[PDB]
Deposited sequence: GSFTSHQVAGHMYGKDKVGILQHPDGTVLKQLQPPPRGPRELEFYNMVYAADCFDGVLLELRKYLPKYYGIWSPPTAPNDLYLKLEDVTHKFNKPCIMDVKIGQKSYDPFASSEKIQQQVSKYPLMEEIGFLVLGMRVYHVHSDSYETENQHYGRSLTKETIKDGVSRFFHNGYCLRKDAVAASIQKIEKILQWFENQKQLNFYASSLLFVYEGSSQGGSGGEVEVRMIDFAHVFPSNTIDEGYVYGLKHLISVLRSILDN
């Protein structure tokens, strides 16, 4: 992810088949002649899409030009949460499934995984960062506190941002409960709140494993429901 001062990010296509798949996902969703109500509604929850981009002198080098969801914030606190019970897709080999489940074997049970967070701390004028090992360390016993950490500015728990996050996740959940045409594997929610009131972003990102489907995305729904439940309990802290 490359942050451009113009309020966009450039995401380099991942190697095939992942990068091509994410390009086609955005292309399908933001298709100029799309009148599909499901896809039109979904746009609200994605980064705005500015199409494929490549450097003027390097047509080989493929990027997606996307809205920087953090741009409107002064001191954005950012958390990326992978959603779902399975982070492998319907066409994964046995080896690939094993690889994916071993990365975080609690995915089925919890239905989400914190990929990272960056939290602004007021009293130190500084950022705490947590990497992928943080979330992969969390268990059923420690997931609530693990998530809570995102909402601590070093003096209060930001229950405003927690409540706002629930409210925005609920809208995404409502979208999922009103579509049976896409299933999303190893995709994420990006949470952003203002670390310097109740202003928040929650957006869907990372679409290298989105597939056509005939069914509700039950794993994604489970993940959202559990994440909402965890956030709800944090409101009682």
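- Sequence ranges 1-19, 216-220 have no coordinates in this entry (deposited sequence, numbered from 1, C-alpha basis).
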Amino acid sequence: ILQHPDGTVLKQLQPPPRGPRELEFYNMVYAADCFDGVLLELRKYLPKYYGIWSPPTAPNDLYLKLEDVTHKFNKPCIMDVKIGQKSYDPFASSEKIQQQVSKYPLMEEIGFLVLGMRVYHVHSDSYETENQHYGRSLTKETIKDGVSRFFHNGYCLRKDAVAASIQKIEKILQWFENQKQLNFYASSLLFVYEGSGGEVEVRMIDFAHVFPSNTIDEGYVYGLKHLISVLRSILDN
From here on, numbers count along this sequence of modelled residues.
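Superpose the two forms; the largest set of C-alphas matching within 1.5 Å is the rigid core.
- Stretch 155-163 is the one, of 138-146 and 155-163, whose CA positions lie farther from the shown form in 8 other deposited structures of this protein once all structures are superposed by the rigid core.
- The mean Cα B-factor in the deposited entry runs higher for 31-39 than for the other of 31-39 and 197-205.
- Averaged over CA atoms, B-factors in the entry run higher in 98-106 than in the other of 73-81 and 98-106.
- Per the deposited record, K140 carries the highest C-alpha B-factor of all listed residues (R149, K140, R158, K86).
- Comparing C-alpha B-factors across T57, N183, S187, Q174 in the deposited entry, the largest value falls on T57.
- Annotation for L227: C-alpha temperature factor in the lowest third relative to the rest of the modelled chain, per the entry.
- Per the deposited record, the Cα B-factor of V114 falls in the lowest third when ranked against the other modelled residues of its chain.
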